[PDB]
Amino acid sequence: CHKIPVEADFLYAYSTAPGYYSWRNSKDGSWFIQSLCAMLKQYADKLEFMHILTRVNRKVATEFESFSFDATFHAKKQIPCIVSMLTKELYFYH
């Protein structure tokens, strides 16, 4: 009989790359969730999910930089990490 892997059809949308800290702001929230929500609001009716998550990657990568009064933590950057075991395209407007 035909089977699929038990690990198939999972997507893990990580806020950050393996090994890395994940940045948050006290008033606006985390960089990743901000960008994810904003990109879903703008593109959930226009783009496939992977392409929405790619806009999130760019938004987080380009529009955010850490501010710290401690130079150790200042001017730091963040890339999210899309991990897809999906077998199909995902459109929210279907």
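By rigid core we mean the largest C-alpha set that fits within 1.5 Å across both forms. Position 1 is the first residue in the sequence shown; the rest follow in order.
J.: Return whichever of 66-74 or 80-88 has the larger RMS Cα deviation from the displayed form in 8 other deposited structures of this protein, where every structure is aligned on the rigid core.
T.: The answer is 66-74, which departs more from the shown form in 8 other deposited structures of this protein.
J.: Mean C-alpha B-factor higher for 16-24, or for 68-76?
T.: The deposited B-factors put 68-76 ahead on the C-alpha mean.
J.: Ranking the modelled residues of this chain by C-alpha B-factor as given in the entry, is residue 44 in the lowest, middle or highest third?
T.: It belongs to the highest third of the chain when residues are ordered by C-alpha B-factor.
J.: Grab the CA temperature factor for residue 6 from the record and place it in the lowest, middle or highest third of its chain.
T.: Lowest third.
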